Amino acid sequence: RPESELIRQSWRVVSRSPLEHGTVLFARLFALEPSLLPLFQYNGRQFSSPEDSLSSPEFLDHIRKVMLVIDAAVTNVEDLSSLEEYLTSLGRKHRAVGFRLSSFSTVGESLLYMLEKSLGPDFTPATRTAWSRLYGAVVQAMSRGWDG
């Protein structure tokens, strides 16, 4: 597939500094959907402001975890059915923390933003299309965690 290669080459740029790029993803996410902020409940406390999230070591570890799952998806881009069972359970876990299926699109848009900003002119509409498909495949697996 030409899509597989576009994903791998774009990801190489990003995976060089995953927390820096992840931080972009999340900042953007909270700008688009501020109601996602309270779902992170480290020590039974809620962040007041998005910028609070950025000083929390647990929150930053969660960004690293995110980036690691996407990296797994990229590595398995040629066959993502091998991650299906993990992603389903990852879905279920997020369902339990109070994540809602409709917020997947915001996360998607946030991912695309981060890619668009990191790659600049290298973010071609075919790159965009490829990542949307990848992301969509991930969401479809995770969504099975809402079983139905």
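Just count from 1 along the sequence shown to find any residue number.
So which stretch wins on mean C-alpha B-factor, 17-25 or 131-139? Higher mean C-alpha B-factor: 131-139.
Stretch exceeding the other in mean C-alpha B-factor - 35-43, 63-71: On average, C-alpha B-factors are higher across 35-43.
In terms of CA temperature factor as recorded, identify the highest of 51, 58, 122, 109. Each of 51, 58, 122, 109 was compared by C-alpha B-factor; the highest is 122.
Would you mind finding, among 81, 118, 88, 105, the residue with the largest C-alpha temperature factor in the entry? Result of the comparison over 81, 118, 88, 105: 81.
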